[PDB]
Amino acid sequence: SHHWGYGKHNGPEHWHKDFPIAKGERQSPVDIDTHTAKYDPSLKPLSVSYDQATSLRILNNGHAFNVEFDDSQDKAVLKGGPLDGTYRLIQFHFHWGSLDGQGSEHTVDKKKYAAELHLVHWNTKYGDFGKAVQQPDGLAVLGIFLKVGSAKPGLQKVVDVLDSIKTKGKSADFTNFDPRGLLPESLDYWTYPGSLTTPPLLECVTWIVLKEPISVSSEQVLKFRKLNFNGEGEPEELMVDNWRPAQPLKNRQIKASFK
Ligand SMILES: CCOC(=O)CCc1ccc(S(N)(=O)=O)cc1
Ligand SMILES: CCOC(=O)CCc1ccc(S(N)(=O)=O)cc1
Ligand SMILES: [Zn+2]
């Protein structure tokens, strides 16, 4: 059964024993060295088209919480930038720390943010998510850093439902949530080819990491940290530090959309 996690005994340093691609050639996350990333004029404009997004449910899966979308039609898609074709939004989730000084998966010149949002999309040419994760261009994940400062108004409906999904396996209705309220003003980004950052660690992802972080309040991220990795009735293990550290860049280049 899967028993990977983020503790000492089942965390990122152990994952390779059951998921040997953990030591692969295009693992994520990575450190983004901003001086080494090169501006790429070939990049087409990035198009985040979430007008018709239809959120359904929020789930504590024992590793993070996912806000799930109806991905049965092109209702919420990502296109442009480095991407060929159309990528459909299926879910978003976060990674965060025990303290404000850590939590992000990607780093920027070795700087760790308090958290990182992942909007996960699959390439519609492959028909379903499960087929998409058999392809090197199957997925696109839009990554957004969170820093602690002013509250993010569009995040509060997420924060407020977390009390209802404290433990692993719980879910709640989560309709009519607009993910556009989680974006920063600018869509300036870095991009590189990588992987899922959790097991199974599949090398299918075009990463698009926005340069501009969003600000969330301390009270908002503190409510993340009250979630549990454990199931109901089990000894409490706070859901914190559910991030993988940066992995070797190997034979990759990170491209910037901006000067
Ligand atoms: C009771 C403590 O139990 C353990 O330490 C967990 C065993 C265990 C450790 C790591 C993994 S992995 N390679 O999927 O990350 C699987 C199972
Ligand atoms: C083969 C089935 O695999 C899955 O369900 C993967 C789910 C999954 C989606 C996205 C990510 S992340 N942090 O890289 O955005 C990790 C894991
Ligand atoms: Zn993630």
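Residues numbered from 1 in each chain as written, not as in the entry; some residues may be left out. Chains lettered and ligands numbered in written order. Heavy atoms only, no water.

**Re the overall build of the chain**
Point 1. Within the chain, the secondary structure is distributed over 3 helices and 15 strands.
Point 2. In terms of C-alpha radius of gyration, the chain reaches 17 Å, essentially the compact-globule figure of 18 Å for 259 residues.
Point 3. Taken along its principal axes, the extent of the C-alpha atoms in the chain is 55 × 40 × 40 Å.
Point 4. Within the chain, the fraction of its 259 residues that count as buried is 53%.
Point 5. Summarising the internal contacts of the chain: among those between residues at least 6 apart in sequence, 71% fall at separations of at least 24.
Point 6. Total accessible area computed for the chain in this model is approximately 12,100 Å², and 49% of it derives from carbon and sulfur atoms.
Point 7. One way to put it: in the chain the 31 positive side-chain charges average out to a point 3 Å from where the 32 negative ones average out. (Helix = DSSP H or I, 4+ residues; strand = E, 2+ residues; numbered from the N terminus. Rg over C-alpha atoms; globule rule 2.2 N^0.38 Å. Buried < 20%, exposed > 50% of the residue type's maximum accessible area, 1.4 Å probe, protein only. Contact = heavy atoms within 4.5 Å. Areas by Shrake-Rupley, 256 points an atom, 1.4 Å probe, with all protein chains shown as cover. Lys, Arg positive; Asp, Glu negative; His and termini not counted. Charge placed at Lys NZ, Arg CZ, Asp CG, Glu CD.)

**Some details on the packing of aromatic side chains**
Point 1. Summed over the entire model, instances satisfying the criterion amount to 15 aromatic pairs.
Point 2. For the ring pair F65 and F224, a centre distance of 5.5 Å and an interplane angle of 85 degrees mean the geometry is edge-to-face. Separated by 159 residues along the polypeptide, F65 in strand β5 (residues 65-69) and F224 in helix α3 (residues 218-224) bring together distant segments of the chain.
Point 3. Between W190 and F258, the aromatic rings sit 5.8 Å apart at their centres with planes inclined by 70 degrees, giving edge-to-face as the arrangement. Taken as a pair, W190 in strand β12 (residues 189-194) and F258 in the segment after β15 (255-256) lie far apart in primary sequence, 68 residues in all. Accessibility assignment for this pair places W190 and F258 in one class, buried.
Point 4. Here the aromatic cluster, defined as three or more aromatic residues joined through ring pairs, consists of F65, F69, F92, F94, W96, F174, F177 and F224.
Point 5. A cation over an aromatic ring shows up here: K111 above the ring of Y113, its NZ or CZ 4.7 Å from the ring centre. (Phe/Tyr/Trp six-rings, centres within 6.5 Å; stacked < 30°, edge-to-face > 60°. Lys NZ or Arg CZ within 6 Å of the ring centre and 35° of its normal.)

That is the geometry; function is a separate question.
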